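Undergrad: Have a look at this one.
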Number of protein chains: 4
Amino acid sequence: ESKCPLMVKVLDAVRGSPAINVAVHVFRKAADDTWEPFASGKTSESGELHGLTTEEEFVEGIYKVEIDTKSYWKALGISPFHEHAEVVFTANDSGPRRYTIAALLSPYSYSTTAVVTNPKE
Amino acid sequence: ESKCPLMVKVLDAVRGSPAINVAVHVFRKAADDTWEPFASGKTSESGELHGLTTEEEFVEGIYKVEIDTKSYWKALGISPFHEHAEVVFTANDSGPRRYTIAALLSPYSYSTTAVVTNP
Amino acid sequence: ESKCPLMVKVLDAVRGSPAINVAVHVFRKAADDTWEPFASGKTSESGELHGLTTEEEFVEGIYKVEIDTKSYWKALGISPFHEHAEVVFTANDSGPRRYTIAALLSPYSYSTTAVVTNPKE
Amino acid sequence: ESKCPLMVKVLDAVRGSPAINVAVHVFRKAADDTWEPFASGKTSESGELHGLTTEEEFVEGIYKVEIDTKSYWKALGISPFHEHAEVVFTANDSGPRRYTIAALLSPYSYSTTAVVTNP
Ligand SMILES: CC(=O)N[C@@H](Cc1ccc(Oc2cc([N+](=O)[O-])c(O)c([N+](=O)[O-])c2)cc1)C(=O)O
Ligand SMILES: CC(=O)N[C@@H](Cc1ccc(Oc2cc([N+](=O)[O-])c(O)c([N+](=O)[O-])c2)cc1)C(=O)O
């Protein structure tokens, strides 16, 4: 639960359930204008991913949360439209914050929103 | 062919198609403050309904468009969450020209958006 | 947090924040085919509503969660398109369950999903 | 006027309008496995982009459509969450005829859906 700075929440709109065991890769745009592996995980039984980074580690930058939606759907036996879902944003530019990226998935569609709260600094 | 100040567009998020043959019933709130039938139809092959009304019969007021989402997934043999999808809006043409009411459906969710324009 | 059977979560897509102090009215379709007041609330600072009903009270039926979106937007100074958001579903027909109705709001749009988990019975 | 096997539709959820003058850059994944520019344009007045390609140039493959969402809200002086919206899909016409890629935007969220059809 909020304490970490980057939390991801994935729901399944076909089943009306959390999207479980969904793979998520996080990237930081390097100095060279290339994406650099930052963190990864799988969502739990509640479709959340926590413990990705820490505050000292999560500096300002452009990150990409890539969610592997193709894999989750294939595995439930659907051939979905998308390759994956990718969310690109600028984090911590006017100070550190807490970020929640939620993705609501369906086979030919996905919505996605962000909740940003001010820790304090 | 006849001013369509009101249009509905329904789409299927599972299959990536228009949702066709969806029952849409529209209602005008009456002073007695109940709903009164107003226009009805089934979405075409492109998941659209048109010729619902005309600009003379469409006066300001509270309208409710109701989509029979449940029969839609049933026919597909997929178990739905909702009984139907509903949109309640105030039509205030003191500006507003055309109204497109779109809904994206999934077994457990639905989005809806309005496209209100002039041309 | 899950323990109650009907929980509502409302997010603001314009601000990227929980939709706070949002009024929610819950109805049960009577025997007579009329909606009967069932419960009401306001969402908290985290855009959730809990403690609406109890398990013994929430029998099978058709309920309507009506969210007063017009009021929240007006108050932030927008004239939104919708009158309110209303969610109609059949609850507890093949046994009791836990229901989470989330609504993601914008001025001319709203998405909404349901998470249903099996308590046990 | 020319087969448009690919179409993008952008809409604004704050204002209830098409999103016009949105930059859309499409890309074809190359074996070198990088993206290669493929088609580009700005949405019209109805928030649509067409004449992106033709059925001969559109072969199976991994495509990415990228929407410059951020400049869009900027021009409106509303602070955005995302740098842009992206859709990666495999175009496998061994069936598929037309592709409509729609995106509904808000300052902190976006939905996207695909409408894949035959007619
Ligand atoms: C009128 C039209 O262009 N018909 C198109 C497809 C289409 C694009 C966007 C849209 O609107 C819309 C899009 C999304 N979305 O995610 O892209 C969405 O979530 C909603 N919605 O929730 O109501 C509506 C509705 C329909 C077709 O050729 O079938
Ligand atoms: C559990 C949790 O993370 N709480 C978060 C916010 C949050 C994320 C996703 C979500 O689900 C959701 C997401 C979308 N979406 O588009 O991303 C959506 O459209 C809907 N919806 O329509 O109900 C729900 C609901 C709520 C918080 O910090 O309070």
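Shown for chain C, in order and in Swiss-Prot numbering: 27-147.
Any Cβ shown, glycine's included, is placed from N, Cα and C.
In case it helps, Swiss-Prot gives these features for our protein:
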BINDING   C:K35, C:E74, C:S137  L-thyroxine binding site
CARBOHYD  C:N118  N-linked glycosylation site
MOD_RES   C:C30  sulfocysteine
MOD_RES   C:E62  4-carboxyglutamate
MOD_RES   C:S72  phosphoserine
Undergrad: Check each of C:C30, C:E62, C:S72, C:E74, C:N118, C:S137 (the recorded positions) against chain D and write down, in sequence order, those whose C-beta lies under 8 A from a C-beta there; write 'none' if there are none.
TA: C:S137
Undergrad: Taking only the Cα atoms, work out how far C:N118 (N-linked glycosylation site) lies from the residue listed as 'sulfocysteine', in Å, as a whole number.
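TA: For C:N118 (N-linked glycosylation site) versus the residue listed as 'sulfocysteine', the Cα atoms are 14 Å apart.
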Undergrad: Least buried of the recorded positions C:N118, C:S137, going by other Cβ atoms within 10 Å?
TA: C:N118
Undergrad: I'd like to know which of the recorded positions listed (C:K35, C:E62, C:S137) lie near ligand 2, counting only a CB under 6 Å away.
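TA: With ligand 2 as the reference and 6 Å as the Cβ limit, the list reads C:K35, C:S137.
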Undergrad: Among the recorded positions C:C30, C:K35, C:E62, C:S72, C:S137, state which ones have a Cβ less than 8 Å from a Cβ of chain B, giving them in sequence order; state 'none' otherwise.
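TA: So the ones by chain B are C:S137.
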Undergrad: Would you say which of the modified residues C:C30, C:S72 has the most Cβ atoms within 10 Å of its own Cβ?
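TA: Most Cβ neighbours within 10 Å: C:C30.
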Undergrad: Short of 8 angstroms on C-beta distance to chain A, which of the listed recorded positions (C:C30, C:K35, C:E62, C:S72, C:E74, C:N118) are there?
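TA: In terms of proximity to chain A, the recorded positions that count are none, since no Cβ is under 8 Å.
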Undergrad: Between the Cα atoms of the residue listed as '4-carboxyglutamate' and C:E74 (L-thyroxine binding site), what distance do you get, rounded to the nearest Å?
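TA: The Cα atom of the residue listed as '4-carboxyglutamate' is 23 Å away from the Cα atom of C:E74 (L-thyroxine binding site).
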Undergrad: Measuring Cα to Cα, how many angstrom lie between C:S137 (L-thyroxine binding site) and C:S72 (phosphoserine)?
TA: 18
Undergrad: How big is the Cα-to-Cα gap, in Å, between the residue listed as 'phosphoserine' and the residue listed as 'sulfocysteine'?
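TA: So the Cα of the residue listed as 'sulfocysteine' lies 17 Å away from that of the residue listed as 'phosphoserine'.
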Undergrad: Whose Cβ, among the recorded positions C:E62, C:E74, has more other Cβ atoms within 10 Å than any of the rest?
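TA: Selected residue: C:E74.
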Undergrad: Which whole number of Å gives the largest C-alpha distance between any two of C:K35, C:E74, C:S137, the residues noted as binding L-thyroxine?
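TA: Max span of the L-thyroxine binding residues, Cα based, is 16 Å.
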Undergrad: Rounded to a whole number, how many Å is the Cα of C:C30 (sulfocysteine) away from the Cα of C:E74 (L-thyroxine binding site)?
TA: 12
Undergrad: Give me the long-range Cβ neighbours of C:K35 (L-thyroxine binding site): same chain, 6+ apart, Cβ under 8 Å, in sequence order.
TA: C:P44, C:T69, C:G73, C:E74, C:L75, C:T126, C:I127, C:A128, C:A129
